[PDB]
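Notes follow the structure.
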Amino acid sequence: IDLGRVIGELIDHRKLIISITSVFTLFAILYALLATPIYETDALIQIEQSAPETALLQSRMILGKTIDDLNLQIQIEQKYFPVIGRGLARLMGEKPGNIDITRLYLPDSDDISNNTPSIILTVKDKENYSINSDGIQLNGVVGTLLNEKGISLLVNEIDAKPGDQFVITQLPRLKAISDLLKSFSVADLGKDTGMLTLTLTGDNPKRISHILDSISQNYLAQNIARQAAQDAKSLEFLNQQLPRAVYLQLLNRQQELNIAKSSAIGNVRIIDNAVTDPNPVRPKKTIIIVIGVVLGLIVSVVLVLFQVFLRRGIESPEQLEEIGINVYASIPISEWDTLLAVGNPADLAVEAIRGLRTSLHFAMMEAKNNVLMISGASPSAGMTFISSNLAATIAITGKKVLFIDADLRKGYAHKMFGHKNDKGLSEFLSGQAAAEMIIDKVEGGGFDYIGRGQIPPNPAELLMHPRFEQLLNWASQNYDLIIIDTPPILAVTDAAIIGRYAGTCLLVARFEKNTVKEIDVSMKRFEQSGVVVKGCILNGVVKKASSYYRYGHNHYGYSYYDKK
Amino acid sequence: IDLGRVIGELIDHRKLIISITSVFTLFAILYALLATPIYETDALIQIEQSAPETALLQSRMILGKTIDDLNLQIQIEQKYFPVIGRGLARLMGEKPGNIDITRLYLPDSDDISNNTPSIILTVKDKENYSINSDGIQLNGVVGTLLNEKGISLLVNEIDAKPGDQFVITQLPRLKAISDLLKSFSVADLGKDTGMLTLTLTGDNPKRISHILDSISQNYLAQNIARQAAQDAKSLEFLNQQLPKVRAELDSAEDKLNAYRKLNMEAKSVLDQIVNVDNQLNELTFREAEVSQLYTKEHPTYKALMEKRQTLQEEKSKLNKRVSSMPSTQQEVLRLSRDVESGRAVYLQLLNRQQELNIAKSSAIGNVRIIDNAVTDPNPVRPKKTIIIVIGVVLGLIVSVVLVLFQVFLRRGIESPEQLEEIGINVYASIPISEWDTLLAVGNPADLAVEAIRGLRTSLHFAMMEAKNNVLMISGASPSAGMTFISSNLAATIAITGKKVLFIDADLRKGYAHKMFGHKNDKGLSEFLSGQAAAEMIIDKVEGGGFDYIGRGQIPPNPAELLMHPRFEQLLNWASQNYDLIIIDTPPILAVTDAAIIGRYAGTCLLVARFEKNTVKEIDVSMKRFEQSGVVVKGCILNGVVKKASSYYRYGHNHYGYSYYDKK
Amino acid sequence: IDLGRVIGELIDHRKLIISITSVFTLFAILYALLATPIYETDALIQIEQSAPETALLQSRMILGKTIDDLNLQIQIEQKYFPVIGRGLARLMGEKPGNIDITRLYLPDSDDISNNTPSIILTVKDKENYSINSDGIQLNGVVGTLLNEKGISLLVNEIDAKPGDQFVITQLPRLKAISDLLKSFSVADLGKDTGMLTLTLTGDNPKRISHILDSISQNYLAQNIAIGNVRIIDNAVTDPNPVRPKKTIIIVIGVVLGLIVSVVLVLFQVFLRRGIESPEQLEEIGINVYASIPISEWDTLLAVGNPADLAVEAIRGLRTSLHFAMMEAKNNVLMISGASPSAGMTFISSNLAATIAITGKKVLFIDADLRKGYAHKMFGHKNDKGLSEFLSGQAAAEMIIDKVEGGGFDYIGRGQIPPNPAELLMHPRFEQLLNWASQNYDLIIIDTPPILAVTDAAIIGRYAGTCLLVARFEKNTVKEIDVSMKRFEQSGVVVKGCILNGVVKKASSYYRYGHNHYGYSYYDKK
Ligand SMILES: Nc1ncnc2c1ncn2[C@@H]1O[C@H](COP(=O)(O)OP(=O)(O)O)[C@@H](O)[C@H]1O
Ligand SMILES: Nc1ncnc2c1ncn2[C@@H]1O[C@H](COP(=O)(O)OP(=O)(O)O)[C@@H](O)[C@H]1O
Ligand SMILES: Nc1ncnc2c1ncn2[C@@H]1O[C@H](COP(=O)(O)OP(=O)(O)O)[C@@H](O)[C@H]1O
Ligand SMILES: [Mg+2]
Ligand SMILES: [Mg+2]
Ligand SMILES: [Mg+2]
């Protein structure tokens with residue numbers, strides 16, 4: 001493989017590549033837009049150390065005091081039925097409803113797993129609301145507390161629109177601490193300074209600044225507690241030890257400890273109170289979409305790289321001719337029960353069949369008889385398409401052509417030509433029809449045809465009857481050319497029986513469906529039965545850039561008409 | 001090998017790959033779900049260093065104090081008969097039963113290996129229960145202590161359902177410490193700070209938090225005493241009490257020497273009385289440090305008063321057992337008690353003195369527990385995601401190496417191309433017929449019969465220019481399809497209006513008579529041995545169209561019968577009354593019968609089984625025929641199956657297409 | 001070589017591989033079970049440094065004080081006669097007997113080498129015992145000390161069963177210290193802390209804890225006279241032995257046994273030169289007319305077991321010869337080979353039996369005048385064989401005899417002549433063959449091997465067809481090529497070869513496509 005090969009493969013699979021890449025980018029964009037934005041607030045703490053102060057800030061003693069102050073064990077979440085309802089509601093400009101709850105006591109089920117009891121609050125108006133834990137409906141009003149069914153709830157200042165639901169969870173105190181501790185981080189920012197950079201992340205920009213302020217003030221009040229107790233403990237015992245010169249001497253120590261007790265701030269100073277950065281830190285939309293593009297491309301490339309190395313079908317007539325198989329024509333796919341040579345004579349596929357008609361006039365000379373058998377390797381390779389249209393292009397040249405549908409198994413040529421289905425080839429071979437009663441004329445054609453008749457139970461044994469050679473010997477005197485349509489050779493043996501009485505035999509190879517070895521196996525199965533295959537007809541060729549770079553030619557053909 | 005080859009091999013072995021991978025993932029999922037979840041509790045300790053404090057926390061002095069406080073030497077395990085009964089019971093939502101035991105003294109077998117005596121407690125109801133150590137059934141009730149059969153047990157607050165069993169083990173004090181020390185870890189978390197992060201893991205989430213609180217508190221109590229230990233009279237007391245008790249102990253030791261210079265019941269009560277005394281003596285020192293650093297109404301102090309009351313009732317029942325014993329034993333027991341309890345009290349005072357000195361050294365001042373132990377409700381083990389992911393990946397690499405081995409190890413034929421590389425003409429490739437019947441008769445539209453018809457037309461062109469109309473069909477190995485092909489080839493040539501004779505010349509294992517319907521008498525054997533005429537051995541296949549000659553009775557000399565001149569006379573006679581004679585023969589690599597018969601056959605074809613036969617096996621067969629003057633025209637590949645590997649390695653899988661109008 | 005080759009070799013040598021691996025694993029398991037378990041006790045010492053304290057703990061001053069306190073110079077070992085008697089006694093559940101000795105003074109031989117005098121104490125009962133140092137028997141009792149023959153011994157509390165012996169050694173004080181110092185280790189465990197982790201290993205779990213307690217207390221009492229050293233954890237023994245590590249021993253036993261089995265198989269594969277398939281002979285241009293398998297079944301195989309797999313292969317040779325022996329000068333077939341015991345007499349005598357049942361008159365001539373035993377195999381009137389005919393003292397009619405369960409006549413070798421190669425050169429031998437070639441349809445001549453003697457090259461002049469028998473693995477391809485060219489050099493044209501003694505091998509199925517053994521084909525009834 002080289003540059004031209006891979007570039008042709010990328011050009012051919014451009015629909016697959018573009019679709020997979022666009023799907024990946026669409027998923028990345030939908031995630032970047034629907035993911036909940038997570039903000040970050042920060043505060044600065046200054047200390048003379050700061051390594052033991054970091055572990056004390058992240059302790060359940062300091063953090064647990066914040067959970068109690070702000071009631072962080074009362075989890076309230078806007079109710080959205082899908083996993084994307086929250087993101088799209090944000091895109092529609094809907095402001096998220098928030099309700100302020102100051103007292104919440106659930107019945108505390110505390111079962112095997114659900115240690116977090118939950119209720120659902122449905123806003124009815126600005127003042128009153130509803131509650132349903134397990135179907136039990138309870139009506140509540142802002143202000144007046146509710147103590148019913150073992151459920152205590154106090155909702156203040158419902159700021160939402162009617163109909164909105166909210167999941168109200170009472171998570172345990174440790175779970176509230178573990179959630180806060182997971183989003184709360186402490187750093188030093190100088191590794192030597194007495195400066196602590198407390199950061200906190202969360203989906204609510206105002207709430208996380210109130211939490212980080214509570215953590216700072218609780219750690220601040222706590223810090224004074226360590227030492228203001230020390231200077232109070234000295235003052236405590238000094239006030240306990242006061243018994244006159246010593247009394248005045250201790251009276252000086254009395255005030256010296258009254259003054260040092262109050263000025264608690266010393267070791268720890270809060271340089272900046274918590275403010276929230278309005279730009280969310282997550283999701284990082286650019287890196288998500290960029291990864292979506294790059295991941296979509298490398299996936300599209302490996303899929304194309306696999307389909308290229310895995311495909312075995314024919315890509316050009318050159319592959320067949322490397323083995324020594326004469327390819328007499330390459331018929332393109334006709335994008336246009338009709339005969340193509342009759343419905344659209346100017347079709348690009350009919351122009352390729354005319355090139356086969358002239359190639360055969362030179363190849364069918366020096367043959368035993370004027371009988372041409374057309375077979376192939378696999379079914380639906382185009383044997384009936386080519387033979388029936390080849391017969392139509394030879395009929396317009398003024399020749400008497402007979403098309404024999406010797407596919408006694410799945411032949412449908414009678415349906416394609418208009419049929420008096422009675423008395424086909426089967427009825428003749430079984431002896432219940434004369435040769436004159438089976439020949440019929442194609443209406444918009446110009447050649448006669450013999451249909452297959454009724455499907456016999458022994459198609460391969462009927463073709464071995466001496467009547468079949470009698471029909472061909474009779475028809476070879478009343479027609480200039482007999483074209484015999486046959487089943488595929490790798491399916492059944494009918495074509496190897498018929499090919500004994502045909503002077504010329506051509507195989508039809510489907511463009512990408514058949515393999516080169518599949519066509520070589522077919523030609524050698526004919527030769528083993530005494531049938532000499534003159535050559536091959538590549539059918540169903542499509543325009544591909546990979547063929548133009550791998551080989552010099554894509555073998556599709558040019559359109560040549562005056563446009564009017 | 002290339003991409004197409006390996007991908008075709010993966011497509012062909014997709015059942016094996018999927019099954020092995022699914023088995024590995026199933027085992028990984030069953031482990032992740034049935035493994036006992038192990039939780040982790042942590043605490044934070046503030047140190048005013050912390051490197052010597054780490055080794056003191058993990059010491060048997062600190063940890064041993066926790067084992068005594070929480071009775072961690074009483075191991076209780078829910079009884080589950082299988083190794084998975086515990087995991088599945090957790091999945092079924094069954095809450096694990098737990099029983100609270102405050103006093104346990106087993107008879108202490110202490111045999112060669114089992115230093116951990118065990119009993120089995122079967123819950124009968126909320127109040128009473130049963131006990132069976134070695135079959136001895138004992139009924140017990142919550143509350144009232146049990147002192148029977150040398151087994152002391154006090155079960156409080158049975159929280160379980162009736163029928164549940166529990167294994168109650170009394171493991172030694174060091175084993176209880178070693179188990180705790182194995183799950184207990186200490187870290188610094190700053191490497192410079194005075195912060196210690198004590199972690200503890202275990203299957204019980206509530207228990208490990210009580211243990212880590214006990215480990216922290218004993219430590220906290222120790223350095224608080226360090227401040228008050230200097231001026232404490234306790235030091236001077238032990239400085240005086242220890243020599244006194246030593247003199248008393250020495251006096252007891254001297255007396256024991258006097259009386260000395262194994263009654264199963266008298267000896268068993270001896271250890272139990274000492275065991276009660278040691279706990280009572282240790283409880284005395286325990287009440288001292290608890291009544292000072294804690295309060296009386298504190299639940300910890302209340303337990304000791306109850307536990308002391310329990311032991312006093314235990315000794316009281318023990319004292320009555322002593323008074324009921326003979327004086328010959330009562331003499332030695334009182335003397336043995338004064339020594340055993342003498343040595344124990346002496347040991348306690350030594351540890352009391354030893355522990356007291358350490359507190360003074362404690363360069364630490366105030367000790368503060370910033371954070372008390374709480375359990376993380378999410379188990380740390382088993383890590384289900386990494387277990388299942390490894391189960392998938394391990395299952396895939398195992399499936400791949402097995403497929404990679406079977407590919408490099410297989411030698412059988414994969415396509416007719418392999419035979420034709422050697423110069424062997426393959427006249428047909430017969431697929432496996434998935435459908436004592438003749439396939440060409442039972443299912444004429446079969447894909448295998450369509451391939452045999454292609455052989456019929458290939459033979460009509462290959463059997464011309466032959467010496468006679470006799471066709472011998474042999475092969476390399478048995479069960480390669482020689483009888484399947486020859487009998488069905490004869491059926492497809494019989495429908496074409498030809499007179500066919502099928503001779504079953506497999507005088508060893510021929511069963512064609514069973515396949516055609518038989519008058520088993522007068523087969524080929526009876527003709528060759530001279531006891532039958534040629535006309536009496538030919539029989540007609542019922543649903544066939546050709547005559548056949550069965551093998552007859554199995555002769556003792558099959559290869560020597562075929563050498564008789566009668567066999568060539570039969571073929572010369574049959575070659576005039578039939579258009580084709582098909583001779584079924586044994587395999588050539590088994591016996592030589594086919595090389596004898598092949599002398600009189602104008603055409604000889606070998607049948608090669610698709611994957612069972614090798615290319616060299618068929619080449620050896622063709623050259624063994626040629627060495628005996630038999631020219632093998634070609635080969636028939638039989639039993640072909642659809643394989644994606646053939647489509648990528650070669651261009652064609654050689655299976656064939658189905659061609660019928662579906663109606 | 002490739003994957004199939006090595007896998008076939010592993011399948012063929014599976015008995016050798018399995019046996020060697022199982023022997024290695026058995027030795028590893030016996031070591032892991034019979035090795036004495038060695039326990040480990042540890043203590044914790046608090047130091048107020050600790051680097052100079054480590055060298056003071058391991059000093060002969062501190063350790064020597066423990067030897068004196070616990071009498072560690074009195075070595076007592078349970079007596080077990082083998083090197084495994086101790087391990088197996090532990091497996092049988094026998095608790096090891098122990099005797100407490102508080103005073104021991106041996107006569108202190110102190111000769112050139114044995115600085116450690118020893119005695120043997122045999123327990124008689126719970127109270128009294130016996131002593132024998134160099135045969136001198138002395139009876140002792142627990143309690144009362146013994147001072148006799150210059151031997152002081154005081155045994156207290158014999159805890160054993162009668163009949164048990166004990167080796168009581170009085171090793172020198174330095175040897176007792178060196179043994180303790182070897183098993184005693186000190187560590188810091190923090191490299192900065194004042195914590196010392198004293199560990200001690202030994203076979204006795206209770207004794208090593210008493211020793212480590214003595215070492216701690218002696219180092220403690222010595223340090224006070226760094227200030228107040230403290231003993232945090234007194235010595236306790238870990239009940240799980242640290243050695244032997246059974247899992248790593250057995251695992252190494254498996255892995256070592258496998259790599260040994262593989263290198264032995266790898267050597268036997270690269271070292272073997274014998275024939276492996278008839279393909280090796282046919283690469284040189286030698287026609288192999290048959291491959292006879294080993295018959296696992298003085299009898300004729302073609303007669304005793306006609307349905308044998310080897311007789312079925314000889315029948316294939318019979319039909320291959322009917323086509324190869326045509327266009328020959330005469331009906332005489334000479335069968336020779338390269339090496340002795342290659343199967344020349346087995347094949348020729350059985351080939352004659354399979355051709356005799358086809359109704360032909362066959363004569364089997366045993367022309368091995370050196371080691372021919374065909375007369376023993378057919379039933380013999382040993383007089384008047386081929387030797388007596390060639391030497392002129394027998395007529396051609398008096399030497400032919402009939403095989404009883406056979407169907408062919410045979411001529412035995414007769415008495416072993418002193419000149420076997422010179423007798424066969426007599427013109428009488430060609431007269432016998434010319435006479436027998438008119439009264440028989442086939443004459444089969446059994447001959448000695450050509451690479452041993454030249455008799456077959458003399459006989460092969462009068463035989464129309466000559467076949468060599470090659471033994472399957474015993475003969476080499478060059479050995480058979482040397483044989484065929486030694487015949488051609490003497491004017492004998494060898495038609496082909498017969499590979500004999502083939503065995504079923506997976507390596508042949510992977511190296512070549514075929515193992516050449518053959519299939520069994522009978523109706524099982
Ligand atoms: N080159 C082609 N262009 C357009 N249509 C084609 C071409 N070849 C085949 N076809 C169509 O695909 C189908 C298969 O053709 P058919 O003659 O039935 O195959 P076969 O006889 O080989 O089994 C037909 O409907 C035919 O119209
Ligand atoms: N191509 C095939 N498809 C289906 N079945 C087959 C095929 N070939 C053989 N068999 C079956 O496998 C068995 C072996 O056939 P058989 O004639 O007895 O083997 P052989 O004579 O070579 O020893 C038969 O039962 C036959 O029906
Ligand atoms: N293929 C075989 N199967 C079983 N036994 C055999 C085979 N070949 C030889 N033997 C036995 O091994 C021995 C050697 O045979 P022999 O004729 O004495 O060798 P040679 O004449 O070549 O020196 C004989 O006892 C024979 O029975
Ligand atoms: Mg068609
Ligand atoms: Mg058969
Ligand atoms: Mg011999």
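Every chain in the structure tokens has a letter given in the order shown (A, B, ...), and although residue numbers restart at 1 in each chain, ligands are simply numbered from 1 in the order shown.
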Any idea what's packed within 9 Å of segment 21-23 of chain A, counting only C-alpha atoms, ignoring anything in its chain fewer than 2 positions away? Could you give it as a PyMOL selection string?
chain A and resi 16-19+25-28+292-300
Residues from last step as file, C-alpha atoms, as a PDB file, in the first residue's frame:
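This went into part.pdb:
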```pdb
ATOM      1  CA  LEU A  16     -18.674   6.176   6.282  1.00  0.00           C
ATOM      2  CA  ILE A  17     -15.855   8.359   7.619  1.00  0.00           C
ATOM      3  CA  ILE A  18     -17.967  11.519   7.615  1.00  0.00           C
ATOM      4  CA  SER A  19     -20.939   9.778   9.229  1.00  0.00           C
ATOM      5  CA  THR A  25     -18.719  14.953  17.302  1.00  0.00           C
ATOM      6  CA  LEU A  26     -22.478  15.121  17.857  1.00  0.00           C
ATOM      7  CA  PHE A  27     -22.153  12.986  20.982  1.00  0.00           C
ATOM      8  CA  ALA A  28     -19.240  15.107  22.209  1.00  0.00           C
ATOM      9  CA  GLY A 292     -14.818  13.905  19.892  1.00  0.00           C
ATOM     10  CA  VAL A 293     -13.436  14.863  16.483  1.00  0.00           C
ATOM     11  CA  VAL A 294     -10.101  13.088  16.929  1.00  0.00           C
ATOM     12  CA  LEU A 295     -11.645   9.952  18.430  1.00  0.00           C
ATOM     13  CA  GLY A 296     -14.226   9.883  15.650  1.00  0.00           C
ATOM     14  CA  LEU A 297     -11.501  10.140  13.018  1.00  0.00           C
ATOM     15  CA  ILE A 298      -9.267   7.381  14.387  1.00  0.00           C
ATOM     16  CA  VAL A 299     -12.330   5.147  14.688  1.00  0.00           C
ATOM     17  CA  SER A 300     -13.368   5.912  11.110  1.00  0.00           C
TER      18      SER A 300
END
```
Could you list, as a list in words, all protein and nucleic acid residues with an atom at most 6 Å from ligand 5, counting only C-alpha atoms and all ligand atoms?
residues 482, 483, 510 and 586 of chain B
Using only C-alpha atoms and all ligand atoms, find each protein or nucleic acid residue lying at most 8 Å from ligand 4; present the set as a list in words.
residues 379, 380, 382, 383, 384, 385, 407, 410, 411, 412, 413, 485, 486, 487 and 488 of chain A
Would you mind exporting N, CA and C atoms of the selected residues as a PDB file, in the first residue's frame?
```pdb
ATOM      1  N   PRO A 379     -24.946 -17.005  -7.388  1.00  0.00           N
ATOM      2  CA  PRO A 379     -26.228 -16.451  -7.825  1.00  0.00           C
ATOM      3  C   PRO A 379     -26.271 -14.944  -7.660  1.00  0.00           C
ATOM      4  N   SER A 380     -27.187 -14.322  -8.402  1.00  0.00           N
ATOM      5  CA  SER A 380     -27.357 -12.870  -8.415  1.00  0.00           C
ATOM      6  C   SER A 380     -26.047 -12.162  -8.745  1.00  0.00           C
ATOM      7  N   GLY A 382     -25.480 -11.496 -12.057  1.00  0.00           N
ATOM      8  CA  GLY A 382     -25.802 -10.805 -13.283  1.00  0.00           C
ATOM      9  C   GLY A 382     -25.818 -11.661 -14.523  1.00  0.00           C
ATOM     10  N   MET A 383     -25.977 -12.977 -14.385  1.00  0.00           N
ATOM     11  CA  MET A 383     -25.997 -13.844 -15.556  1.00  0.00           C
ATOM     12  C   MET A 383     -27.263 -13.638 -16.372  1.00  0.00           C
ATOM     13  N   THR A 384     -28.400 -13.463 -15.703  1.00  0.00           N
ATOM     14  CA  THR A 384     -29.644 -13.234 -16.423  1.00  0.00           C
ATOM     15  C   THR A 384     -29.741 -11.796 -16.908  1.00  0.00           C
ATOM     16  N   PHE A 385     -29.171 -10.856 -16.156  1.00  0.00           N
ATOM     17  CA  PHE A 385     -29.148  -9.468 -16.599  1.00  0.00           C
ATOM     18  C   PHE A 385     -28.325  -9.321 -17.868  1.00  0.00           C
ATOM     19  N   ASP A 407     -32.422 -22.027 -16.703  1.00  0.00           N
ATOM     20  CA  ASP A 407     -32.419 -22.038 -15.245  1.00  0.00           C
ATOM     21  C   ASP A 407     -33.757 -22.615 -14.799  1.00  0.00           C
ATOM     22  N   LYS A 410     -34.663 -21.362 -10.710  1.00  0.00           N
ATOM     23  CA  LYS A 410     -35.110 -20.035 -10.306  1.00  0.00           C
ATOM     24  C   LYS A 410     -35.180 -19.084 -11.490  1.00  0.00           C
ATOM     25  N   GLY A 411     -35.423 -19.603 -12.689  1.00  0.00           N
ATOM     26  CA  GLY A 411     -35.502 -18.754 -13.864  1.00  0.00           C
ATOM     27  C   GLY A 411     -36.751 -17.900 -13.834  1.00  0.00           C
ATOM     28  N   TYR A 412     -36.586 -16.606 -14.103  1.00  0.00           N
ATOM     29  CA  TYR A 412     -37.704 -15.670 -14.132  1.00  0.00           C
ATOM     30  C   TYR A 412     -37.771 -14.900 -15.445  1.00  0.00           C
ATOM     31  N   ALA A 413     -37.057 -15.358 -16.474  1.00  0.00           N
ATOM     32  CA  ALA A 413     -37.022 -14.626 -17.735  1.00  0.00           C
ATOM     33  C   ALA A 413     -38.407 -14.489 -18.349  1.00  0.00           C
ATOM     34  N   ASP A 485     -29.265 -19.007 -20.762  1.00  0.00           N
ATOM     35  CA  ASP A 485     -29.091 -18.582 -19.384  1.00  0.00           C
ATOM     36  C   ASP A 485     -29.122 -19.795 -18.464  1.00  0.00           C
ATOM     37  N   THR A 486     -28.151 -19.876 -17.564  1.00  0.00           N
ATOM     38  CA  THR A 486     -27.955 -21.060 -16.745  1.00  0.00           C
ATOM     39  C   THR A 486     -27.834 -20.665 -15.283  1.00  0.00           C
ATOM     40  N   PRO A 487     -28.003 -21.613 -14.364  1.00  0.00           N
ATOM     41  CA  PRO A 487     -27.730 -21.340 -12.954  1.00  0.00           C
ATOM     42  C   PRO A 487     -26.238 -21.209 -12.709  1.00  0.00           C
ATOM     43  N   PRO A 488     -25.829 -20.736 -11.535  1.00  0.00           N
ATOM     44  CA  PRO A 488     -24.394 -20.633 -11.251  1.00  0.00           C
ATOM     45  C   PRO A 488     -23.762 -22.002 -11.067  1.00  0.00           C
TER      46      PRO A 488
END
```
Contacts of residue 278 of chain C within 9 Å, only C-alpha atoms, excl. fewer than 2 positions in-chain, as a PyMOL selection string
chain C and resi 275-276+280-283+286-288+290-291+472+498-499+516
Do you know which residues are at most 7 Å from segment 323-339 of chain B counting only C-alpha atoms, after dropping those on the same chain fewer than 3 positions away, and could you put them as a PyMOL selection string?
chain B and resi 249+252-253+256+266+270+274+319-320+342-343
Selection above as a file: N, CA, C and O atoms, as an mmCIF file, in the first residue's frame:
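Result file is result.cif:
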```
data_model
loop_
_atom_site.group_PDB
_atom_site.id
_atom_site.type_symbol
_atom_site.label_atom_id
_atom_site.label_comp_id
_atom_site.auth_asym_id
_atom_site.auth_seq_id
_atom_site.Cartn_x
_atom_site.Cartn_y
_atom_site.Cartn_z
ATOM 1 N N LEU B 249 4.867 -14.695 96.706
ATOM 2 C CA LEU B 249 4.978 -15.668 95.623
ATOM 3 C C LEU B 249 6.104 -16.655 95.896
ATOM 4 O O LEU B 249 5.944 -17.868 95.710
ATOM 5 N N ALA B 252 4.960 -19.074 98.421
ATOM 6 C CA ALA B 252 4.080 -20.082 97.842
ATOM 7 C C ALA B 252 4.873 -21.103 97.036
ATOM 8 O O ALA B 252 4.577 -22.303 97.077
ATOM 9 N N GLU B 253 5.887 -20.645 96.298
ATOM 10 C CA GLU B 253 6.708 -21.568 95.523
ATOM 11 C C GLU B 253 7.464 -22.527 96.433
ATOM 12 O O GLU B 253 7.592 -23.717 96.124
ATOM 13 N N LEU B 256 4.996 -25.229 97.702
ATOM 14 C CA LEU B 256 4.682 -26.231 96.688
ATOM 15 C C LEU B 256 5.795 -27.263 96.576
ATOM 16 O O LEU B 256 5.536 -28.453 96.359
ATOM 17 N N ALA B 266 -10.497 -32.182 88.881
ATOM 18 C CA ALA B 266 -9.804 -31.273 89.788
ATOM 19 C C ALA B 266 -8.826 -30.375 89.044
ATOM 20 O O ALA B 266 -8.643 -29.213 89.425
ATOM 21 N N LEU B 270 -8.972 -26.095 88.251
ATOM 22 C CA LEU B 270 -7.821 -25.308 88.678
ATOM 23 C C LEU B 270 -7.558 -24.158 87.716
ATOM 24 O O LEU B 270 -7.457 -22.997 88.129
ATOM 25 N N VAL B 274 -8.074 -19.909 88.389
ATOM 26 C CA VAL B 274 -6.998 -18.965 88.100
ATOM 27 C C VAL B 274 -7.443 -17.972 87.035
ATOM 28 O O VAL B 274 -7.197 -16.765 87.145
ATOM 29 N N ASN B 319 -16.116 -21.856 93.791
ATOM 30 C CA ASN B 319 -15.764 -22.168 95.172
ATOM 31 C C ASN B 319 -16.590 -23.332 95.700
ATOM 32 O O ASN B 319 -16.074 -24.192 96.426
ATOM 33 N N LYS B 320 -17.873 -23.382 95.337
ATOM 34 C CA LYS B 320 -18.712 -24.497 95.761
ATOM 35 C C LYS B 320 -18.250 -25.800 95.125
ATOM 36 O O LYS B 320 -18.353 -26.869 95.735
ATOM 37 N N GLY B 342 -0.445 -16.663 92.155
ATOM 38 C CA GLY B 342 0.711 -15.913 92.616
ATOM 39 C C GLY B 342 1.582 -15.448 91.466
ATOM 40 O O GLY B 342 1.996 -14.286 91.416
ATOM 41 N N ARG B 343 1.869 -16.346 90.522
ATOM 42 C CA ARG B 343 2.660 -15.965 89.360
ATOM 43 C C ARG B 343 1.932 -14.932 88.513
ATOM 44 O O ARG B 343 2.550 -13.995 87.992
#
```
Write out as a list in words the residues lying within 9 Å of residue 363 of chain A, counting only C-alpha atoms and excluding same-chain residues fewer than 5 positions away.
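Here the qualifying residues turn out to be residues 358, 504 and 534 of chain A.
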So that I have them on file, write out the residues from the current selection with C-alpha atoms, as a tab-separated table (two decimals), in the first residue's frame.
```tsv
chain	number	residue	atom	x	y	z
A	358	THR	CA	-18.62	-6.59	-30.71
A	504	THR	CA	-18.90	-20.56	-26.44
A	534	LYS	CA	-13.86	-18.63	-23.32
```
Distance cut-off 9 Å, counting only C-alpha atoms - which residues of chain A neighbour chain B? Return them as an MDAnalysis selection string.
chainID A and resid 49 51:52 55:56 59:61 112:113 174:175 178 306 309:313 378:379 409:411 455 457:458 460:462 464:465 487:494 496:497 515:518 521 525:526 528:530
Using only C-alpha atoms and all ligand atoms, which residues of the polymer chains come no farther than 7 Å from ligand 6? I'd like the answer as a VMD selection string.
chain C and resid 344 to 345 368 371 to 372 446 to 448
Do me a favour and pick out the residues of chain C within 6 Å of chain B, using only C-alpha atoms, as a PyMOL selection string.
chain C and resi 4+193+312+316+320+323+513-514+518-520+522-523
